[PDB]
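Single-structure report; data block below.
Bear in mind these aren't lab numbers, they're just calculated from the coordinates by the rules spelled out. When we count neighbours, we look across all protein chains shown, and the Cβ atoms used for this are built from the backbone with ideal geometry, even at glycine.
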Amino acid sequence: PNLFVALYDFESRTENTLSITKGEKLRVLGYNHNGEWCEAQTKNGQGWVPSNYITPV
């Protein structure tokens, strides 16, 4: 899977994270080492989101 959708709203509170809204589509570009964060791209740009806040489409 490469195309994902947000399960829950997540609000970025730092420079490298990416805010997402439930239902919003994102492209996932990888996981970090411990797996708790994914690198995502949406129409708002690119950054990290919780890996358990998204799911494949």
(message) As an exercise: evaluate residue 33 against (1) surrounded by 13 or more Cβ atoms within 10 Å (Cβ to Cβ); (2) in a loop (DSSP other than H, G, I, E, B) and give the number of the one condition it does not meet.
(response) (1)
(request) Any chance you could count how many residues in segment 1-30 are touching a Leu at 6+ places or on another chain (Cβ under 9 Å), in a strand (DSSP E or B) and of a type outside the set (D, E, K, R)? (result) 8
(request) Just name the residue that is nearest to the chain's Cα centre (by Cα) out of those in segment 36-57 that are β-branched (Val, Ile, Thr) and in a strand (DSSP E or B). (result) 49
